[PDB]
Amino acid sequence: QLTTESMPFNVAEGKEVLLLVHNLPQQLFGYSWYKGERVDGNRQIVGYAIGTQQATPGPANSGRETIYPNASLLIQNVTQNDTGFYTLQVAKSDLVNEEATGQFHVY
């Protein structure tokens, strides 16, 4: 149900990409974005909490990402390193969290 997609799906090097997000839940505490295919705090880019509206970088944060209040993740001056899979956990207050994976390709 929860999905993410990249606009565009194919991204020239050095140009922008937007990771969009769809079918969020009714009710969420916040979002966590991760590089690659699985939830892992060693590959966390950012945590975001809606109520205070508070982003915090994790270790995988490059400095070129911007998370928006609807979960969307912008990346500018994208690099070969950015290419491929991203992963998004929606955190809920009842601890039953939802997760999604998407990607884009760099050329």
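One-based numbering along the sequence shown.
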Check where residue 70 lands among this chain's C-alpha B-factors and tell me if it's the lowest, middle or highest third. lowest
Lowest, middle or highest third of the chain for the C-alpha temperature factor of residue 3? middle
When the deposited Cα B-factors of this chain's modelled residues are ordered and cut into thirds, is residue 92 in the lowest, the middle or the highest one? middle
Hey, what third does residue 20 fall into on Cα B-factor, ranked over its chain? middle
Lowest, middle or highest third of the chain for the C-alpha temperature factor of residue 41? lowest
